[PDB]
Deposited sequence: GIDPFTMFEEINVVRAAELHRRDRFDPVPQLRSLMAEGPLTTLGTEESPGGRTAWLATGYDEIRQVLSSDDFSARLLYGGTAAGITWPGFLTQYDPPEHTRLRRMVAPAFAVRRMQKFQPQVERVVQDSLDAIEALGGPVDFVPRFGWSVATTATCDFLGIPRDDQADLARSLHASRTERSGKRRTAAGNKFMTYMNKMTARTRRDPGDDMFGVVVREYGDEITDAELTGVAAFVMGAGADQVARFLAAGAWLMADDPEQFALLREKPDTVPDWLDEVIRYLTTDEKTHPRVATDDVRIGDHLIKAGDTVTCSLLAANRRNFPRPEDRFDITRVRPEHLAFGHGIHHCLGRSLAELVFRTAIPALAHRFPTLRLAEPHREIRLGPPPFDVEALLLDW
């Protein structure tokens, strides 16, 4: 049953922004297909069926010991009621009011990230200078990491995930986590105006150091990876189809749902973590036996009408429907922060470089392994 998680990864590659032919074949086969098999690994590609799976109380997101021991603060490895307690304690850091009040700082992050790019001059790689820069600075600011330490903290996170020397990965992972631990200690003594502080002032000794460090490490990792990769993919979409984003730039009021369409089209997290069934559960016409796993294809759901015309990127589309942030109890806790950064950074780029385009538009943009990972994006203006 473990090879079936490798198999899922293969189906979520991309032909530029499009899903690959292998996935399309499964999509047209039906809403729910077998990946492998008396236990069965299923892929859910139907919009309705995915929602049924992700919102059912007869599935667990657990791999298998209590989540808190090996995965403290890694929410998508908790089941209720432990999941419910921990998510309740961190959720107020992501409430609408705190997100609105964060918006001015996120605006400055994008403006300064754009001030650096213009000074450097075209052409220039937007993967590090726009994607990575905005994402890590915004996420560090949200956590209250002092500005003087962010560059080195962000460098150690990146090195821990990508370094070509395994030895240097270990050292960087240790550097990163020690810093997150020290942040937890400073909050416990003197809670500030940030995620750490908000959690500790509301709950205090109810949340443990392991939980708090765990959640903070997760938010840093999610913020740095998810937001950076999305912003890189957004800049590429801007370069590829600039007339649609000129409409955003000049007449944003006529396209109030624009961000949902970009999210739908790009789908930079293509699939959810496998869910294991705990009762026999009818899902559509299909029977999922207790012990089966179901992986949900968020790409399949959001791009369900590919390759027909209506699936093509249309920024004026009325109320775009997507499941890009999942569904049910594990739906993305960070959605409001991610969306704030995208709402701010994407139009800030359009206003700043209306004449944005690919430097070297002859050659293909190289993509890494999924999830959707633009490795370099050389743009001029």
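Missing from the model, by position in the deposited sequence, are residues 1-8, 46-50, 78-80.
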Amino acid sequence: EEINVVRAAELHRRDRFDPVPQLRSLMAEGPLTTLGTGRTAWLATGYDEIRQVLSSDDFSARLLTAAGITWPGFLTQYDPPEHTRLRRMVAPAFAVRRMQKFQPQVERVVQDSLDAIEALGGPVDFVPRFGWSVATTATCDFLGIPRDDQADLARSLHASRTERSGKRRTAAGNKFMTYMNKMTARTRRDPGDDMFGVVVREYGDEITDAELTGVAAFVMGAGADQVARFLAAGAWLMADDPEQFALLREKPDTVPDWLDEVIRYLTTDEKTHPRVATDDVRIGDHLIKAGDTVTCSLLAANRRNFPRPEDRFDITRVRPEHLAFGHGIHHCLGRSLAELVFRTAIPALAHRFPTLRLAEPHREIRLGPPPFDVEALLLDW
From here on, numbers count along this sequence of modelled residues.
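Of the two segments, 241-249 and 254-262, the one listed with the higher mean B-factor is 241-249 (C-alpha atoms only). Of the two segments, 102-110 and 297-305, the one listed with the higher mean B-factor is 102-110 (C-alpha atoms only).
Of all the options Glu163, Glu82, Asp141, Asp205, the entry's greatest CA B-factor is assigned to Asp205.
Within the selection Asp292, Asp269, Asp115, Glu211, the deposited Cα B-factor values reach their highest point at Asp115. Per the deposited record, the Cα B-factor of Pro72 falls in the lowest third when ranked against the other modelled residues of its chain. When the modelled residues of the chain are ordered by their C-alpha B factor, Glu49 lands in the lowest third. In the deposited entry, the Cα temperature factor of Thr355 sits in the top third of values across the chain's modelled residues. Ranked by C-alpha B-factor against the other modelled residues of its chain, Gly326 falls in the lowest third.
In the PDB entry, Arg62 places in the middle third of its chain by CA B-factor.
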